[PDB]
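Starting off, we have a lone chain in the form deposited in one PDB entry, written out as structure tokens.
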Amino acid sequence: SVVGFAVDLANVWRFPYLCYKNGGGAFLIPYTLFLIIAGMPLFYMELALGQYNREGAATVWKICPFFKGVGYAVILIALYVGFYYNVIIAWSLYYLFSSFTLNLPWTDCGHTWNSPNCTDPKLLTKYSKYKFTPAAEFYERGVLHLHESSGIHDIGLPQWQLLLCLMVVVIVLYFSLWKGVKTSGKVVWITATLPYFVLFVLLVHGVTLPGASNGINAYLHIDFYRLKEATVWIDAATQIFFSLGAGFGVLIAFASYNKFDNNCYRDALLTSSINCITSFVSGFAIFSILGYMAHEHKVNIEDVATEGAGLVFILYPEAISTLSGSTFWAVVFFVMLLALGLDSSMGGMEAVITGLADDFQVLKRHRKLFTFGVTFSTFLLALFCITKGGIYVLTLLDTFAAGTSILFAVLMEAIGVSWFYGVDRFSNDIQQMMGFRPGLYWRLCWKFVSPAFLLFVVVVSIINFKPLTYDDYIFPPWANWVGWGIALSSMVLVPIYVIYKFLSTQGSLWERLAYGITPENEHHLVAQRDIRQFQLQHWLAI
């Protein structure tokens, strides 16, 4: 009951701006449909797969040797995403160190980082973005220094203030990873108790603000022409495969340490319900503050704030300033963000390290060296996003690191398991380790329903690709080519392993094909001609 109530950093940071970009209310229908239909069966499947085989993401594919490329690809994606989850924690630490004063920097506009185009509503061009407010100017010119960068072709040198925070973050991550595979006994009760209090207070404060009804009536309004467009569905599926965490190797790696009696069905149901409730509450709280901000600045809701990764670092500080004793609440809130980010990064590092160490057994005798290598590589690669123009690099990464790639990996996992290993064998394994057989709904969603929706989403995300933009900035085409190369770097790993394994195995075509779809512990049945996959009754099993 401590592994289901835990909140994830994605629901707090990434969901608010994806909901605001696709409008309120119209984003929740595809989100909920995808949530149920794909996420619940796939979350349950990933929980059940690791608990039975006692293996990591890469070594779990001893039931079908042709699908180890998927395990490699999910580990590569987890490495890619950890490159830019560190910059958010650095921003949170910088914001926390700025809150130890009685005059918050984001309240007035008379500092050294202020442009002469700044107006203060308290001390007082249609479809554009408004960025002359003290909070937006603070975020863009005191922590990012974006005004010395003209584009991704001119990014400049890293900022030392953010470098000093990234160095602390990586050191903490290393020293919380170098002695064991759990190292989590302390922080399991701060990550699941504090966010609920913070959102509960902020919800009441937002709904009592003036002009928040104009934002509530915009969150409860359902736009229908905003549907029948690929962007909302592609965003919803991707956000699901960030909020639940399937497609990164974390669930398989952490389920391999459970007890062989654990009920994964209850855990999946509880996690899905809590995720849905938290997402809805976060959207309501975000739109109340959006309505208040639109009211105070005499602008429109669609033009009051940006649609990037720094939406929370502008709205949440602005809602903090309207409370009583703002310094206490800012400290609490940024502590909550720091804890959430640290937990997410620790989970990703555990996933990567366990997946890579389960395959090569020499890395199990040198854990400090491997952890140091992973952390140092992450630091070196994250140095790119703390430059003067690092927001463009971070946007490109957040767009192309887990896009079509994660959907392809999740589709391949489901197809592989449910069609080659056998939905009947996968249901007899749950029968063995839980005492009850899953049921018709799960067996149908594992084999027919989820793969079809995933294939449709994958195809549509390629057919209707949109060029990258950041607010009013338009990337050059070679940036899109670079992003597509990064996306394909993980997707290409699957067909390569099927060729390598086929060429590495000796014998005729029949023997080479049989040895790669048969579990490694049943390889003695290949010389007796007893392969179940060469029969129609194996492919007609529902």
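Superpose the two forms; the largest set of C-alphas matching within 1.5 Å is the rigid core. Residue numbers run from 1 along the displayed sequence.
TODO: Quick one: core-superposed, which stretch strays further from the shown model in 8 other deposited structures of this protein, 396-404 or 218-226? Go by RMS C-alpha distance.
DONE: Most displaced of the pair in 8 other deposited structures of this protein: 218-226.
Open item on the list: Once everything is fitted on the core, do the CA positions of 67-75 or those of 276-284 lie farther from the shown form in 8 other deposited structures of this protein?
Closed with: Most displaced of the pair in 8 other deposited structures of this protein: 276-284.
Task: Coordinates absent for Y470 in a third or more of other entries - done: No.
Open item on the list: So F370 is built in this one, but is it left out in a third or more of the other compared PDB entries that include its neighbours?
Closed with: Other entries vs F370: none skip it.
- [ ] Select one of none, 1 to 3, 4 to 9, or 10 or more to describe the deposited residues without coordinates separating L124 and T125.
- [x] Per the deposited record, the segment joining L124 and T125 lacks coordinates for 4 to 9 residues.
Quick note: we don't show the form solved in complex with a small molecule, though the next part is all about it.
Open item on the list: At 4.5 Å between heavy atoms, only one of the stretches 328-336, 178-186, 463-471, 439-447 reaches the small molecule in the entry with it bound; which one is it?
Closed with: Going through the listed ranges, the match is 178-186.
Open item on the list: I need to confirm a contact call. Of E318, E140, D343, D429, which residue comes within 4.5 Å of the small molecule in the entry with it bound, counting heavy atoms only?
Closed with: Of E318, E140, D343, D429, the residue with a heavy atom within 4.5 Å of the small molecule in the entry with it bound is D343.
Task: Of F400, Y94, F254, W233, the one that lies within 4.5 Å of the small molecule in the entry with it bound (heavy atoms) - done: Contact check passes for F254.
- [ ] May I ask you to state whether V250 is within 4.5 Å of the small molecule in the entry with it bound, using heavy atom distances?
- [x] Yes, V250 is a contact residue.
Open item on the list: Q537 versus the small molecule, in the entry with it bound: is there a non-hydrogen atom within 4.5 Å?
Closed with: Flag for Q537 set to no.
TODO: Evaluate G347 for contact with the small molecule in the entry with it bound, applying a 4.5 angstroms cut-off between non-hydrogen atoms, and reply yes or no.
DONE: Answer yes; at least one heavy atom of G347 falls within 4.5 Å of the small molecule in the entry with it bound.
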